[PDB]
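Engineer: Shown below is the structure under consideration.
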Amino acid sequence: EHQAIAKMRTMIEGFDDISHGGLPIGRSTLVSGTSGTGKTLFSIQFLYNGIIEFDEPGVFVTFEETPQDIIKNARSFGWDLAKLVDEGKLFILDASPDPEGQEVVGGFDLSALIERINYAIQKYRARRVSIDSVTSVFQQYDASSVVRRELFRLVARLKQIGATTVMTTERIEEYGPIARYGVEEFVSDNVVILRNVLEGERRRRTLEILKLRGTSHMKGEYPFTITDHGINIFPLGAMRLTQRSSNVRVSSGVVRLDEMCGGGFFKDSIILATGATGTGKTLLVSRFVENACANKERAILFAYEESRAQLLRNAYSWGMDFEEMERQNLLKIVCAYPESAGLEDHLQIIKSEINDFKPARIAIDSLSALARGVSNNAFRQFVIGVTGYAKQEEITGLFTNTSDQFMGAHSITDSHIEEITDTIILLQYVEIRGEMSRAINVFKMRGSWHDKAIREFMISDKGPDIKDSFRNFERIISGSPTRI
Amino acid sequence: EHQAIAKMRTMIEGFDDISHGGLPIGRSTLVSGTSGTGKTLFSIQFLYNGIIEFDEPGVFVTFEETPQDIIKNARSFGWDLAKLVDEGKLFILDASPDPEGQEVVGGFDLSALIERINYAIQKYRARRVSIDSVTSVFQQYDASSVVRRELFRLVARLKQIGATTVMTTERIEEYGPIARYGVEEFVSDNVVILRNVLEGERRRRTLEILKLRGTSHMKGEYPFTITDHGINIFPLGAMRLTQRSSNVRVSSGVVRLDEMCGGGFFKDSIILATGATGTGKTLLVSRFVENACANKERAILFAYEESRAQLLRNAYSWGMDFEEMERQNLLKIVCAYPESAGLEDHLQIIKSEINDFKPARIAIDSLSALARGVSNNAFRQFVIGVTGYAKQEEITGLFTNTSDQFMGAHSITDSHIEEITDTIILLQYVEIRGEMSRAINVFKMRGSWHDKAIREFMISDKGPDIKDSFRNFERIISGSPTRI
Amino acid sequence: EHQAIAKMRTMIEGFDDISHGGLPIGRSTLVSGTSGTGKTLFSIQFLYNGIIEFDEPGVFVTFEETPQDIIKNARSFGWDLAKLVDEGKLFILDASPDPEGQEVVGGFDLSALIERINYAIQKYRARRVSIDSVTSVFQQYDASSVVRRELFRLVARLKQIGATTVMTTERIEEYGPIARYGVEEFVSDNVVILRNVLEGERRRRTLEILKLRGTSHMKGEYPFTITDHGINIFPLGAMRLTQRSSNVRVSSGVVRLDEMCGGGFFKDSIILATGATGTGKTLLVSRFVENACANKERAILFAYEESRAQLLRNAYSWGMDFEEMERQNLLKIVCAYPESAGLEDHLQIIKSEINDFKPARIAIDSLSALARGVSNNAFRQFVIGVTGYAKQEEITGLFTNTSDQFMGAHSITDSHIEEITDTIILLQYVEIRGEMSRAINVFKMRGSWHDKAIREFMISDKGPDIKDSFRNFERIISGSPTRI
Ligand SMILES: Nc1ncnc2c1ncn2[C@@H]1O[C@H](COP(=O)(O)OP(=O)(O)OP(=O)(O)O)[C@@H](O)[C@H]1O
Ligand SMILES: Nc1ncnc2c1ncn2[C@@H]1O[C@H](COP(=O)(O)OP(=O)(O)OP(=O)(O)O)[C@@H](O)[C@H]1O
Ligand SMILES: Nc1ncnc2c1ncn2[C@@H]1O[C@H](COP(=O)(O)OP(=O)(O)OP(=O)(O)O)[C@@H](O)[C@H]1O
Ligand SMILES: Nc1ncnc2c1ncn2[C@@H]1O[C@H](COP(=O)(O)OP(=O)(O)OP(=O)(O)O)[C@@H](O)[C@H]1O
Ligand SMILES: Nc1ncnc2c1ncn2[C@@H]1O[C@H](COP(=O)(O)OP(=O)(O)OP(=O)(O)O)[C@@H](O)[C@H]1O
Ligand SMILES: Nc1ncnc2c1ncn2[C@@H]1O[C@H](COP(=O)(O)OP(=O)(O)OP(=O)(O)O)[C@@H](O)[C@H]1O
Ligand SMILES: [Mg+2]
Ligand SMILES: [Mg+2]
Ligand SMILES: [Mg+2]
Ligand SMILES: [Mg+2]
Ligand SMILES: [Mg+2]
Ligand SMILES: [Mg+2]
């Protein structure tokens, strides 16, 4: 209701939305995690993005890594730090110990380490101080309830100087105490916790802001992924899209399905195709993708069960010839497996492919095939992220979800994601005269009349040939027609 | 049965109902919690609300935060503390250690700290002493079973002075021991525990009063929220409402549904609409909201599965034109997501919107969409709180709950919240001649005759056109009619 | 098989049945618990009830609380201890330490504490010694396996003097070791453990006697409640009732239901009404309660999902006018919530209301509404307690249990409490011609013929008008009749 504290931007994607603007100006920030979770990378990215964008110099204090190894590690990410060192914009301070030395004094070097930082700030005019692996000096020969005074005097001095500070501390566990001694949380005004929790022989990185004194933030754990461009925090917000399309509709690919949907799906929506296995869902996906060749539009395909060669053979058995659209740069196939990578990296891969190719239609084959190992909440998060990222860029997406109970059941989606989609097409098996025929049904719509009827369809050598109706039977969806 | 001890009001909303009047007068109170849970904010709010309301001065003792940082943090909440310091109403005593000093004596400073506090009490005529972060002096260089005497002499001399005291202690765990040494619970006469427990990658703040010597309170854990106005504890009590409305009823929006319900729902009730997905629940919500434009009444809409445009386009496809009601200040759309914030914060958001807009009808779309990740007890608490806040302010509320098992099932609500609502409307699918039609049914009412029949309806380009009946069929609810 | 040891009564209500007569005479008793569970209150009540009833003087030993604070705390319960101190019947000895003193000797003061107790016993002729917070002297500066000798010499000396002793020890956990050092259990001949275990954000107090050397007791945990009159333990025993009523019956309220049950329920029984929601259970409860106005009898009503004014509005919509019975002191309404207090306290509230009002009929609306959060064993204990306490005072009780599966189901009660009740009335939904009609059925009886038939009824503007039968249908209970 009144004025708030000032805070400066770290320019990391996703993090500036979690903390409502960035780290506070003047205070410190504790970034604590297990080994191999991204504590050092956070500090280096926080320095580099501030140097490049706002021309704000910063220093980097080291305690167990030599500067040239840090530059060598950072070179693989793309950014060059030696050039910025030569330009006088970045200064890696070296406090790593000589392997040959003396140990006559335990930890009474902080009073000189402060001055070693302070003069360097006064010659480089730095703004972002970033002490890394600070838990190697104040705890080298000290026990508990002694490091409290050292951390207090350090944070108080960096507040007296008036620069943004980021610290780094190690952990022993994943869900236990936040730091090694359980006392560093009550000193730093900002606590950020990185986790690398392992469940079901799969790793998953998460970020959490525990406490921000004086301001507000997001409470809970938010996943991230260490890609080739650094930390990529995935946010949760879809207030950007303020547009809809009641105007001209894109074609489905089957003229009968367009007639049954009223003239096209929509320009942007989420189409869900469901049913049992062997019913014809991949045919619907292939007809949805191949239609982009008619209007010279770009559409790509995600495969999670098949593999390229088999997809081309099945397409040529239907008369599709995907090599022509592949050669015309109107088609791309990813052809990955659900267990090759974790579920969180699949969203980043899809986002990267969508950004690079810039397509108009996305078809994710077998959305339930990558929903087996993971729990319900992670799959719901993945589905919500995919649907939001497709909806905010006016892309017509079609998904596919096979069911376990093959003959007449209920609960159309076992993962309960039918409420996010816009259109639902119901495929099923209909036992007619002991020959196991199949039928189609437009279950629901979000803006047109959608032809409330049940249509028998077959699979010919060209495509889906939809027949008239089941008008002289009873209880069709239960897999047991009784003619009357 | 006899006279009780006196107690004074902290003027924090929610807390004065839990403790039956406030903290006791003369004794102390221990507020222990994990880092980042609201221990300091409780003390500052307890001082400020007592200064503003009853003109009672108070002191604030600090041990690890400088006074100007505390004033800067408190400025973001709206209240100014520097002005009250200049007015002589508040005194922040400073006992934080100088970073450059001496450590010849561990913690033998309480005999001077009592005099330092008492001299300020005698010069400011304070009533509310509030020692914060007390677990940094008596335990700075002391082991277990030694801090017992220090806390005992602290509480004894603060009771000899005779003022209300609030203490602050840290924790290491969430469900383990109450304090850091497991001994401070047996000294303080009042123990309040703050928790920040994490489950399902979501945080949830709770408050609990463990023991009040001499009086009664509420036993258990009660949730709270740190909003922009401080700690806002949600209580549990609905004895305020002593009014009912057997008189004039508000219209539903559909004249056929009003005829089927007997002339309107009621002035105040809880309407529940249920069924499977794609059945027409959002149409019922839209017709319930749009009817407020006829009588120049204010009504708002909560959306948890759509987003503005998706709602405006669907409304214009039915002939509603929500932009006119938005411009005439008779409609507001929230358009949030269930996973954006936790379930605990949604109740506060709804309460704030209801208080600010002052509407007459509330429509919460998809009450089951925010009941997925959370457990049953939390969702029941949320539903009970929403219904109580709607009922105590004579507001006609309509909710929406989709079911998982889409065809013929039982157990109308999977979360078993059917005993809180007042009206239940049953929407379902009816497989007729293999065209999959839909039907309506007023399942129950709480004061009218409500037309016990099953009516087929369709969705036209204007609204719901309800047809006559299913009089020549059988077992309609089971999703498989057999005509006779 | 032979003579047993003598034991004297503590006159605590509930405790004298668990321990088969009270604490043994001459020995000691250890009462150990967590902070805030009722250890001190047990000692004070044990002294007070022995002073008032048998005129037996007793002493109270303090180690961390001053006597005037103890008197101030005990004054809130109703009893005054200052007058008893002035009468020379009670002596609170003060051994609390001066905040200003010396610590040259750790804990070698027990040899003087023995004489200080012994002189007081010889000056007041006391019988009940009660040492409170004894775990502050022998463990103040002592380690493990050292307090064994101190506790041994203390218990041996109090046995040599020959007086009943009650001790108090603290805990750290809830289900771990019994005492702080795990050694005090093997010294005291009697061990009583108090627990304050927390589950589902709800507290629940239990009492357990671990060991009584030489005699017998009850094994397990027994719940208790700290009310305004002290500790009030609920026991488990129903050997008091030796009466039954095959004679004159009380009316149900509906003359058709009395004819269908054979002329009235009984003078004392347990009536259960079940079915789905919206079926007419509250109407049956209201007709059962309102009938007491005809014979000038007193009956009360418990509501757990209504709101007083709503009950009056629904009653006036049926033609009942509860305000006349409220003004004539023949009606009382509680109007509470199931989540306002725990299930443990609801039995105490019902017992207090029954004792104060002295009614003839009890009607607890929605017995399943307060059976959601709790487990099955706690709800079974609550039902058994309510039914036993209603049966032992010849009170005709009627209950209400809604089912989750609304359509044709089985297992009439999901909590399996159908075997406790005496009569069961089956309410259900019967789909007739697609209009969803309702029907009644007296499922079982315990002493009359009860008219084995299924009767359709409706709800008119006056009351339940029961129609003839379903004699031309089949499979009525399964919710889908087929006429033949
Ligand atoms: N080019 C890269 N692409 C993808 N992941 C990378 C790349 N370079 C490094 N990583 C990953 O980043 C992590 C390295 O993090 P970083 O070295 O910055 O800190 P840390 O290992 O968590 O800290 P500490 O040095 O204290 O153990 C590892 O998980 C590593 O696999
Ligand atoms: N040339 C063909 N002639 C006849 N039927 C064919 C031909 N090619 C494929 N089919 C039919 O296609 C079906 C195989 O399933 P399809 O590849 O269409 O995928 P889907 O069932 O939609 O899903 P998924 O691939 O995930 O199982 C079978 O019913 C098979 O008979
Ligand atoms: N304006 C605000 N709006 C919302 N939440 C806020 C605001 N200001 C602070 N908070 C929250 O309040 C908490 C800060 O609590 P406070 O600093 O009073 O004590 P604490 O952090 O629990 O104690 P300690 O300093 O001992 O760790 C954090 O969770 C922070 O996110
Ligand atoms: N212009 C239209 N013409 C015909 N039918 C329409 C039109 N707009 C919407 N519908 C129908 O509305 C239904 C979509 O559901 P609706 O938006 O009414 O919400 P709901 O089923 O009550 O709930 P939810 O949005 O949670 O799924 C479909 O049956 C669809 O055919
Ligand atoms: N008048 C009262 N009505 C209801 N409950 C009360 C009343 N007075 C006290 N209590 C409750 O009784 C308990 C106090 O117990 P008591 O002070 O006798 O011992 P204790 O707190 O368990 O022991 P210790 O002081 O060693 O921690 C608390 O739970 C308090 O809420
Ligand atoms: N004035 C009235 N006219 C017609 N029917 C009424 C009237 N008042 C109530 N009803 C009927 O009463 C039923 C509502 O349930 P009722 O209040 O009788 O409680 P219940 O079903 O026994 O249980 P509960 O209240 O626990 O759900 C509906 O069937 C409704 O039609
Ligand atoms: Mg590192
Ligand atoms: Mg496939
Ligand atoms: Mg604090
Ligand atoms: Mg909807
Ligand atoms: Mg006590
Ligand atoms: Mg009822």
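Chain labels run A, B, ... following the order of the structure tokens; each chain numbers its residues from 1, and ligands are numbered from 1 in the order shown.
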I'd like to know which residues of region 362-396 of chain C are strand (DSSP E) (by DSSP, run on the backbone); could you write them as a PyMOL selection string?
Structural biologist: chain C and resi 362-364+396
Engineer: Next, dump the selected residues to file, keeping only N, CA, C and O atoms, as a PDB file, in the first residue's frame.
Structural biologist:
```
ATOM      1  N   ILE C 362     -32.952 -37.146  22.070  1.00  0.00           N
ATOM      2  CA  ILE C 362     -31.780 -36.567  21.427  1.00  0.00           C
ATOM      3  C   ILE C 362     -31.850 -36.887  19.942  1.00  0.00           C
ATOM      4  O   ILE C 362     -32.164 -38.013  19.545  1.00  0.00           O
ATOM      5  N   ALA C 363     -31.567 -35.884  19.115  1.00  0.00           N
ATOM      6  CA  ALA C 363     -31.514 -36.068  17.668  1.00  0.00           C
ATOM      7  C   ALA C 363     -30.245 -35.408  17.149  1.00  0.00           C
ATOM      8  O   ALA C 363     -30.152 -34.179  17.114  1.00  0.00           O
ATOM      9  N   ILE C 364     -29.273 -36.222  16.746  1.00  0.00           N
ATOM     10  CA  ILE C 364     -27.999 -35.725  16.236  1.00  0.00           C
ATOM     11  C   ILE C 364     -28.077 -35.760  14.714  1.00  0.00           C
ATOM     12  O   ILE C 364     -28.024 -36.826  14.099  1.00  0.00           O
ATOM     13  N   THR C 396     -34.469 -41.740  24.181  1.00  0.00           N
ATOM     14  CA  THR C 396     -34.719 -42.196  22.815  1.00  0.00           C
ATOM     15  C   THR C 396     -33.919 -41.319  21.862  1.00  0.00           C
ATOM     16  O   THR C 396     -34.211 -40.132  21.701  1.00  0.00           O
TER      17      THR C 396
END
```
Engineer: Can you pull out every residue within 9 Å of residue 304 (chain C), counting only C-alpha atoms, but drop anything in the same chain fewer than 4 positions away, and send it as JSON, numbers by chain?
Structural biologist: {"C": [334, 335, 336, 337, 338, 364, 365, 366, 367, 369, 370]}
Engineer: Neighbours of ligand 7 at 8 Å or closer, counting only C-alpha atoms and all ligand atoms: which residues, as an MDAnalysis selection string?
Structural biologist: chainID A and resid 35:36 38:41 132:133 168
Engineer: For the selection just defined, write its residues with C-alpha atoms to a file, as a PDB file, in the first residue's frame.
Structural biologist:
```pdb
ATOM      1  CA  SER A  35      27.177 -30.574  -4.963  1.00  0.00           C
ATOM      2  CA  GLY A  36      26.515 -30.322  -8.685  1.00  0.00           C
ATOM      3  CA  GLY A  38      24.310 -24.881 -10.182  1.00  0.00           C
ATOM      4  CA  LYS A  39      25.448 -22.569  -7.386  1.00  0.00           C
ATOM      5  CA  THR A  40      28.568 -21.336  -9.203  1.00  0.00           C
ATOM      6  CA  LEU A  41      26.728 -20.988 -12.526  1.00  0.00           C
ATOM      7  CA  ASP A 132      31.457 -18.007  -4.120  1.00  0.00           C
ATOM      8  CA  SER A 133      32.152 -21.019  -1.872  1.00  0.00           C
ATOM      9  CA  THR A 168      27.272 -19.763  -1.902  1.00  0.00           C
TER      10      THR A 168
END
```
Engineer: So what do you get for CA of residue 413 (chain A) versus CA of residue 395 (chain A), distance-wise?
Structural biologist: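 So the answer is 23.0 Å.
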Engineer: Residues of chain B were defined as contacting chain C if any atom lay at most 7 Å from it, counting only C-alpha atoms; please report them as an MDAnalysis selection string.
Structural biologist: chainID B and resid 1:5 145 153 177 182 185:186 210:211 213:214 219:221 236 242:244 246 377 410:411 420 444 447 452:454 470:471 474:476
